[PDB]
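Written below as structure tokens is the structure these notes are about.
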Amino acid sequence: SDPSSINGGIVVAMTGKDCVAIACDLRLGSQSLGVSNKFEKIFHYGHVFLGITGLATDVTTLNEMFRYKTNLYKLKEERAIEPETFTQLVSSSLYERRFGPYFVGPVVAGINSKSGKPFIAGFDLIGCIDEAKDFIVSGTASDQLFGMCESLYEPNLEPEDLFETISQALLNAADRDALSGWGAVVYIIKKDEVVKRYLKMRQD
Amino acid sequence: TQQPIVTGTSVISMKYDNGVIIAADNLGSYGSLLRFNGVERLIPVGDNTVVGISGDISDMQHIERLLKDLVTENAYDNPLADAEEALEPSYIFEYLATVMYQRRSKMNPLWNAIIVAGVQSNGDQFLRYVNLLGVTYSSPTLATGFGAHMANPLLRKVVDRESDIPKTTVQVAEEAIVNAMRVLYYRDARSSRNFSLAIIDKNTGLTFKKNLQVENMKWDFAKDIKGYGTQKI
Amino acid sequence: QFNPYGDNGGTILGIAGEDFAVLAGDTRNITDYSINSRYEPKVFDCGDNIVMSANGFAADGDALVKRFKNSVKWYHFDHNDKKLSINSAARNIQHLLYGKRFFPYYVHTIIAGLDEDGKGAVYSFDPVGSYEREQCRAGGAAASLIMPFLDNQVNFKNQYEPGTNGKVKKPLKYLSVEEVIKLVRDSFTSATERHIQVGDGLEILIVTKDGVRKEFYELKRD
Amino acid sequence: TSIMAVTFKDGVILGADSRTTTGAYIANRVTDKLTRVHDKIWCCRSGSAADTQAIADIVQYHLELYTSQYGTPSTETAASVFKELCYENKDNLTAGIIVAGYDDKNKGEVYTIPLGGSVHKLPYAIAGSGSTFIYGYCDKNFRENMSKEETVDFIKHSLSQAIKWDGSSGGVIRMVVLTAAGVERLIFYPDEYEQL
Amino acid sequence: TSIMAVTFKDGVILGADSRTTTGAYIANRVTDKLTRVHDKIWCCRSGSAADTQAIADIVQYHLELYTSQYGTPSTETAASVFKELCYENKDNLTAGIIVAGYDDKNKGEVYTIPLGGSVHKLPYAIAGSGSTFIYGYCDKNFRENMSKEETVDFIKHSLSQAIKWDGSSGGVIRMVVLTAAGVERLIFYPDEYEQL
Amino acid sequence: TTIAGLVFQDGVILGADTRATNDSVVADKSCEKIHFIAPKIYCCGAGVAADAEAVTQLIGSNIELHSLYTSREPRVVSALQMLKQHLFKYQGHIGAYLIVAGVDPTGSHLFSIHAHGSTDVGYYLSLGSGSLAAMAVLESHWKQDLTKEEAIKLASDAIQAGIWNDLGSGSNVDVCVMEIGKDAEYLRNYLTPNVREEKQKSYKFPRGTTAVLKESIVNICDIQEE
Amino acid sequence: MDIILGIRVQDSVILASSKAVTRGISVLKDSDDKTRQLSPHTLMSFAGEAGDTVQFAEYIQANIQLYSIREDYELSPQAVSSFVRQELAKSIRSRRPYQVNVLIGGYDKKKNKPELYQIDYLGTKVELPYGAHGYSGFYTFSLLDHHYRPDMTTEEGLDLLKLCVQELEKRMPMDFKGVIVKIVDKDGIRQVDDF
Amino acid sequence: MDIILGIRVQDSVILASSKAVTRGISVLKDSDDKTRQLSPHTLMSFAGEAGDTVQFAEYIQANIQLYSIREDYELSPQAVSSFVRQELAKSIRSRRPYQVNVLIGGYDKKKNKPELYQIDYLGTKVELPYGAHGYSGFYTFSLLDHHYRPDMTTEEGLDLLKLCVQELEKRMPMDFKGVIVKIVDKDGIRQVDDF
Amino acid sequence: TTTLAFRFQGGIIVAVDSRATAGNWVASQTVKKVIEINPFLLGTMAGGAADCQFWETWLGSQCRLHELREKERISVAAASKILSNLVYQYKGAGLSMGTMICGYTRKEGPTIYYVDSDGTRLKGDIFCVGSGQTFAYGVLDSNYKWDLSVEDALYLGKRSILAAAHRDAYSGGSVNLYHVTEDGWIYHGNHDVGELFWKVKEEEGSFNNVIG
Ligand SMILES: *[C@@H](CS(C)(=O)=O)[C@H](Cc1ccc(CN)cc1)NC(=O)[C@H](COC)NC(=O)[C@H](CC(C)C)NC(=O)c1cnc(C)s1
Ligand SMILES: *[C@@H](CS(C)(=O)=O)[C@H](Cc1ccc(CN)cc1)NC(=O)[C@H](COC)NC(=O)[C@H](CC(C)C)NC(=O)c1cnc(C)s1
Ligand SMILES: [Mg+2]
Ligand SMILES: [Mg+2]
Ligand SMILES: [Mg+2]
Ligand SMILES: [Mg+2]
């Protein structure tokens, strides 16, 4: 009945020293029934990464929508969109459906190519921006992720340390939520290299 | 299950170094009608306890009779009724708290919020809250209804934790209570100007003050306020 | 319509060590967006080296603790001052809770102490009396925030031996009382940051063979 | 809310309390409920604050545009524009407006527009939640062709009682006097009117 | 319904209209709402006619049995018996009763018992649907220790206004005077009170 | 939320807390609730955060275009009138509650706006779940002809009352001072009474603690070229 | 409509779809084909609300057939599934949404690979080795989790499908009157007439 | 419970009762006997709400068996049916009524006649040549109206019953997993093990 | 919750998962859903956690009283009926229970009775109960034969719960295994799904849908 919790799933993003990390689980379900264990929730438009939790049809629709908009942006501007600008574009696009909203919990992550500054942001379903220094959480185990992140996180972690922190935050949160899990992906993002890691986790 | 009919608004209170202060206005409202202007909602029990009651007035008058009957019953076969076996604030509270919780558990509550303020045998300040659900809690400041939202913030600036109690005198505490009652008169639509205030001190005993009025009210700034935005006249 | 239940917020946490147990709880009591009290004790010494907390609706919590304390008193009278073991206390609490199966006590109950071999014990109850013995349990408002952390830090879940690829789990250990209290304090500091109903103060009751000791710590008051 | 407009020998006086409530909380204790739609045509607002402000703003616009084309509008004309908005949008409005104004030809006039969007021309009018408590008092004490001082006392005593009994009413008693002489604002504080 | 009881120098007077309605139909236009529970203890009834009659009949029974055992009951005692029934059966009753009585010791006394079952001792009391319209009037005009003729005029003028504005009230104004001299019934017809 | 506004000798001042909530959890610990409209007109927002943000941004955009068109400094009454007419249109469905304050050629102004489109004029105002805590302080201490130093103290005190006593409100205090004939000074994190205490332990893990199934490099660039 | 299954093996996609059409009290038909050929190497099975199912299927069929004539070219199964998903995702916020769940089984002639897409009425698309809609998956996914291998032949795929249908015939309350089975491979679409 | 049929022929009563027990999603059992022997020449089949059916049947069984021991005598089928009807008629105005419909098939040894009684949960009793409860009768009564004769043999009664069950298996949506058939005649009660 | 019990040549296999949920919150991963009534009787638990614990613990007391009074072990039929008659008294009050009473007695042989809170009591060879019952049934029905080795039967029961633990969101944690014989029940261990899943995947070559 509640659209944001039919399919389930989670996204978490963190900042570190000259880097950001964004991670997601792989489950797609119909309430109790697990359907897919390959449903990735993180997409990228150039060097800007967008995670999306919530109703899966809207996750897919919004990915296609932001691909559309960032492609046109790039043709007109003659440069890739930056995280700060993209954040505003997500907010705009969500709020224009104020009274018939997409049932999603988007998370932006990336490094500004000019200033080199790590950047993360989160939104509610109608586009209110939460621009955190430390971390952003989203999905059906957002409470669990808030608890993990708030204790595990410390500022200025190196990329390979940040990987361990965000991975343990996701995995332990997911294991306390019925509608999350079934695999997980972690992106470690630096100014000009991005590593993607699939995590081993319990498959229940 | 019922609905409250004739009602009393905020009861406010706080601890100070040697005792407790409690206060409540003299109004019995009938919805938005300010029906009864002479209702006493602070009810003393002996010379060491005051029970301040908000909410339904018919249920208050019932509780008032239970406390009156409690004093009578304590005196029975009790040569020390006015000495070591006199009623304590903690006894009076626990009785009321038992009644309140029993009544909610039969789905027929006494529709009130109660604050028992007093001083114990050993000089310790007693201040505890109970309501229609049987929920109880103690704090250096306590308030019911609108008092919780407006009085507590002001009273907590004086006594913010336990260690502030010995530093607070009766003059400072009473001043804070009287100011809080004025603020409630500005902002609570179901309050009145006339109120009662009770001080229970371990040295000077029970001082019960009737027919107090909110005074030193700031209204003068109103004359300059014109329209709701663009009006100049 | 009259609603007999309410929500007084708060959060509690039980952790069982090797020869000790802790039961911690925040001291804030709330209704809606108002603070009722910044220091209202929620975790109680019940006698016989058992500590108890019933978090949720405070009136039902107080009623239950009151009834259990009385159950301990009458257990002494009826059975020649015999010590009520933690397992026996747990079963007794099930019957108290299930006795109101069709008008429940709106509380999450945790007790802690030592079992009959002297080892640390925590028991955890749902509102109608289902219980299990556990090494670790948070209850109340911020239980969702705290429990995944305890899975990770007390039971070493999802943690592997480095360099083993991912085939040797981190081996389970008992924690020292000093280590447990560090995890308790950090759990509540974290929970206070992100949950509006958690704050003001943290009271920890520690149970050993020597008895019941208390510790108190300040938490953020916003 | 307690509002009233009273015609008298020299013109008309509008009177109101200053309390705005959201349930039992007093959101504004110094509200100005006497609002100007034209130089000498004012109105007292009761009901939804949003609705009555939205209406009054539109009326002020219409009468401003009327004045640019056809000169000073009558009080009857103002009451008609209020009515037209209130009646045609009765399903979406909770507005109870008293319109009061001074012409030199017609002198003082008072029109009341209750919830339905009907119009009623009266010697005096009372409205708002607190008015229920003073129907008896106002009927017994109103006379036609009172002086300015008598009408100020009549309104002051009336709204004093309305304030005393109605929790929704309170604060200061504001008044606006409309005569050939001009426009006079009066204010009366609790310490004055409560002891009456 | 418009009912009131007023204490004065020599004792107390109860007053009431005579209209009983079922919706907008007047079921009885000559109702007697002033009812005797003892020689010099009467009451005014408002709310459910069935409920107030059932209560008043039980009180009359209790005070009759009190009198057989303990002599004449006080007005306070009568008000307590009314209260006990109204409070304990608050979930099943819609009764608003004013109790008025004359002792030689206590003189005139008036107790009002609204819906909840609370008791309030007052110099005078007003109740029923029509009372809302005369709070302002009655507060301004009531004085303590009035004469019999002044109190009759105070009640007559008051209920006249209550009747004028309240559709649920109307008919004749009945009154019952309680003094040391005895019990006097008065009646006042529309042609008298309407022109006041 | 605890937002407040009050007037002083030759200006107006706005205050706000920095907590955003979703039900009982804290979504944001450092959010800016004092929205920008014009250089010398600011808006405190409560209610639905997206709505308060969107409505202030829209009116701020239209105020900028109006100012360019008329070649004049924008007035607070223009922002007030545009906000209320927009909010009224939507019948409370845009759940924004705002305190608007500013300086213009007419003088200094302070207004409140409700979601249904009603407006108030005041010398001191507060909105949000902490309004009653804040108003208690403002009613106790506000007077006429406050100095700037007294006004900042009172405003921050009113916001603090909300922070401590209201669960909806928390974290830091933001202030904006708008004084006649001077640049408006916006003071984010004016007070910082809720810094988190240092943690007992560091939960930084040994590297290799997390089990990994696969690794790969992501191509984020355009065309790796020949 | 009740049960629709799909399984992608080495070199083909197999769709099985129940034959029963029940309107409340009675079984009106026991030979209903709940499928449309969209293109020569793409088959769509469907189940959901009465009327909407066929109306939607035939509407999709017409659009894909129109594309084929215009470009003289067969769309890939991926492209067809994305088109279908968008139509359902558009539908869900309409005045009256299509209540239709589909499986799209296709053989991509470019990549020489079978492909199975599961799309629900909300527009939730997933590529799978095996899929089902409604209550079918509750019984059949545990079997397919156990027995499936990616390198299975078409005959092994059909045997695994018989085991799914036997389980459904044992444990489901409704008599769905058996299944029509269709195979989609490099040579096109054909029906297994004996099952 | 779903389908219970009854048919009274020349010299016997035949009761057919479905074997399926379904709890919502799954068919928990496919061999359930929805009948109790009340006395040596009286059989009661039953269908209705879960739990209530068996509880009621066994309660009736115990009372009739108690009567048999006390009087050393078998009650007539008419007497047993009147007892059962009164219990259901008492039940319907209770705090929580038995939701159970029954058929009582018996051979009256005094009159040398088979007898079939149909009683619903309200306590509505009717003696019939053939009967059914729930949706069964909607399909089967038109057949029995056509083919029934009062002088049929037991073998003809069973053939007519096969035709009823075939019609139910064709047109009903639920898979009721076939029927257990029992014959009540002068020699007592026996089960037809192959049907 | 996934519980199962089935009869075969070598007795009864009983397998259950270990997860407890409050909505989508995983309350516990270490719950005991099998109750050991006596050396020859087992009870499985599905539905409301408290209802099952309380009444199946109570059942054990009633079964103990039977053997004190009758100097004989209670039959599986009698034990199941004590519980089914109890829950039937509470019918409509809102108890939520799905359970199997599994045991051996000399007079009955190995027996399984399904009992639930709406008053149903069924004897049978195979039962699966809980939110993950359909998933367990799929695997169980396909590989079930009367004559499995005790080793194969234990594996199938374990594997069937694993299948359900994977697919059903509300099932998981670990698998508890039991085998009931002439001589009594025998515990065959607690098997964590987070280790068992990967073990089974590799050895069996199943779960090809998963990224491994
Ligand atoms: C306090 C408002 S209160 C408790 O009603 O007094 C703050 C005000 C506020 C204003 C602006 C900003 C940011 N520019 C932040 C905060 N409002 C909130 O905390 C609101 C909830 O108030 C009821 N929070 C939200 O609206 C959140 C979004 C933030 C977490 C970013 N959104 C939601 O909770 C939902 C929106 N739609 C849903 C469905 S849930
Ligand atoms: C799964 C049954 S399901 C819904 O079919 O998947 C398990 C089975 C089970 C059996 C025995 C035990 C022994 N402790 C535990 C679990 N049942 C549950 O998880 C049930 C499911 O909801 C009906 N959970 C509860 O009963 C929970 C248990 C707590 C420990 C979380 N209690 C509640 O949900 C309550 C909520 N409000 C209450 C009052 S009780
Ligand atoms: Mg999980
Ligand atoms: Mg907090
Ligand atoms: Mg007032
Ligand atoms: Mg699972």
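Lettering and numbering for the structure tokens are positional, with chains as A, B, ... in the shown order, residues counted from 1 in each chain, and ligands counted from 1 in the shown order.
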
Query raised in the report: Can you list, as a VMD selection string, every protein, DNA or RNA residue that comes within 12 Å of region 71-74 of chain F when you count only C-alpha atoms, leaving out same-chain residues fewer than 3 positions away?
Result: chain F and resid 37 to 42 59 to 68 77 to 80 102 to 107

Query raised in the report: ligand 5: which residues are within 6 Å, counting only C-alpha atoms and all ligand atoms, as JSON, numbers by chain?
Result: {"D": [163, 164, 166, 167, 169, 170]}

For N, CA, C and O atoms, I'd like the residues from the last selection saved as a PDB file, in the first residue's frame.
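Result went into part-v7.pdb, see below:
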```pdb
ATOM      1  N   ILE D 163     -16.102  39.932  24.952  1.00  0.00           N
ATOM      2  CA  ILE D 163     -14.751  39.508  25.357  1.00  0.00           C
ATOM      3  C   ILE D 163     -14.746  38.698  26.658  1.00  0.00           C
ATOM      4  O   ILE D 163     -14.025  37.700  26.767  1.00  0.00           O
ATOM      5  N   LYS D 164     -15.538  39.145  27.630  1.00  0.00           N
ATOM      6  CA  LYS D 164     -15.620  38.506  28.949  1.00  0.00           C
ATOM      7  C   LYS D 164     -16.057  37.046  28.897  1.00  0.00           C
ATOM      8  O   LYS D 164     -15.537  36.219  29.651  1.00  0.00           O
ATOM      9  N   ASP D 166     -16.628  35.129  25.711  1.00  0.00           N
ATOM     10  CA  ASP D 166     -16.042  34.372  24.598  1.00  0.00           C
ATOM     11  C   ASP D 166     -14.522  34.245  24.751  1.00  0.00           C
ATOM     12  O   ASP D 166     -13.810  35.253  24.828  1.00  0.00           O
ATOM     13  N   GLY D 167     -14.035  33.004  24.798  1.00  0.00           N
ATOM     14  CA  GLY D 167     -12.596  32.719  24.806  1.00  0.00           C
ATOM     15  C   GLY D 167     -11.912  33.087  23.500  1.00  0.00           C
ATOM     16  O   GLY D 167     -10.758  33.509  23.501  1.00  0.00           O
ATOM     17  N   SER D 169     -12.564  35.616  21.709  1.00  0.00           N
ATOM     18  CA  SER D 169     -12.408  37.073  21.696  1.00  0.00           C
ATOM     19  C   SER D 169     -11.556  37.564  22.863  1.00  0.00           C
ATOM     20  O   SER D 169     -11.495  36.928  23.918  1.00  0.00           O
ATOM     21  N   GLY D 170     -10.908  38.707  22.667  1.00  0.00           N
ATOM     22  CA  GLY D 170     -10.038  39.284  23.686  1.00  0.00           C
ATOM     23  C   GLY D 170      -9.082  40.337  23.167  1.00  0.00           C
ATOM     24  O   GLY D 170      -9.162  40.759  22.011  1.00  0.00           O
TER      25      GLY D 170
END
```

Requested in this report: Just the residues within 12 Å of residue 93 (chain G), please, counting only C-alpha atoms, with nothing from its chain fewer than 5 positions along; format it as a PyMOL selection string.
Outcome: (chain A and resi 57-58+97+99-102) or (chain G and resi 86-88+98-99+121-123)

How would the residues just picked look written out with C-alpha atoms as an mmCIF file, in the first residue's frame?
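Output file selection33.cif follows:
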```cif
data_model
loop_
_atom_site.group_PDB
_atom_site.id
_atom_site.type_symbol
_atom_site.label_atom_id
_atom_site.label_comp_id
_atom_site.auth_asym_id
_atom_site.auth_seq_id
_atom_site.Cartn_x
_atom_site.Cartn_y
_atom_site.Cartn_z
ATOM 1 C CA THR A 57 9.111 1.844 -11.643
ATOM 2 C CA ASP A 58 9.964 5.427 -10.573
ATOM 3 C CA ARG A 97 5.377 16.713 -9.527
ATOM 4 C CA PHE A 99 0.949 16.886 -5.958
ATOM 5 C CA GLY A 100 1.564 13.575 -7.791
ATOM 6 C CA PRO A 101 5.107 12.747 -6.700
ATOM 7 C CA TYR A 102 7.619 10.104 -7.677
ATOM 8 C CA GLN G 86 7.117 2.948 -20.684
ATOM 9 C CA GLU G 87 3.512 2.340 -21.755
ATOM 10 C CA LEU G 88 2.760 0.673 -18.397
ATOM 11 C CA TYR G 98 -4.067 -0.866 -17.311
ATOM 12 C CA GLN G 99 -4.045 -3.655 -14.697
ATOM 13 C CA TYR G 121 1.415 -3.287 -14.225
ATOM 14 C CA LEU G 122 3.358 -0.486 -12.458
ATOM 15 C CA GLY G 123 6.096 -0.617 -15.138
#
```

Report task. Check the DSSP output for the backbone and give back, as a PyMOL selection string, the residues of region 17-214 of chain C in helix (DSSP H, G or I). Result -> chain C and resi 58-78+86-98+143-153+177-194

Query raised in the report: Do you know which residues are at most 12 Å from residue 89 (chain E) counting only C-alpha atoms, after dropping those on the same chain fewer than 6 positions away, and could you put them as a list in words?
Result: residues 2 of chain B; 51, 55, 82, 83, 95, 115, 116 and 117 of chain E

Those same residues, written as a CSV table (one decimal), in the first residue's frame with N, CA, C and O atoms?
```csv
chain,number,residue,atom,x,y,z
B,2,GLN,N,-15.7,9.0,28.1
B,2,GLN,CA,-16.5,10.2,28.0
B,2,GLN,C,-15.8,11.3,27.3
B,2,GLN,O,-14.7,11.0,26.7
E,51,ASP,N,-35.0,12.6,30.6
E,51,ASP,CA,-33.9,12.4,31.6
E,51,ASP,C,-34.1,13.3,32.8
E,51,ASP,O,-34.0,12.9,33.9
E,55,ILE,N,-34.9,12.1,36.6
E,55,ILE,CA,-34.0,12.6,37.7
E,55,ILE,C,-34.8,13.3,38.7
E,55,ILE,O,-34.8,12.9,39.9
E,82,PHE,N,-29.1,15.6,43.2
E,82,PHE,CA,-29.1,15.9,41.8
E,82,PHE,C,-27.8,15.5,41.1
E,82,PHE,O,-27.7,14.8,40.1
E,83,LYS,N,-26.7,16.1,41.7
E,83,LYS,CA,-25.3,15.9,41.3
E,83,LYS,C,-25.0,14.4,41.2
E,83,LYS,O,-24.4,14.0,40.2
E,95,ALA,N,-28.7,16.2,30.8
E,95,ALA,CA,-29.5,17.0,31.8
E,95,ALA,C,-28.7,18.2,32.3
E,95,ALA,O,-27.5,18.1,32.6
E,115,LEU,N,-24.0,19.8,32.2
E,115,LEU,CA,-23.9,18.4,31.6
E,115,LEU,C,-23.0,17.4,32.3
E,115,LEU,O,-23.4,16.3,32.6
E,116,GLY,N,-21.8,17.9,32.6
E,116,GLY,CA,-20.8,17.0,33.3
E,116,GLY,C,-21.2,16.3,34.6
E,116,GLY,O,-20.8,15.2,34.9
E,117,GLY,N,-22.1,17.0,35.3
E,117,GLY,CA,-22.4,16.6,36.7
E,117,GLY,C,-21.6,17.3,37.8
E,117,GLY,O,-21.6,16.9,38.9
```

Report task. Find the residues of chain H in contact range of chain I, meaning any atom within 12 Å when counting only C-alpha atoms, and list them as JSON, numbers by chain. Result -> {"H": [1, 20, 21, 22, 23, 24, 25, 26, 27, 28, 29, 30, 31, 32, 33, 34, 48, 49, 50, 51, 52, 53, 54, 55, 56, 95, 96, 97, 98]}
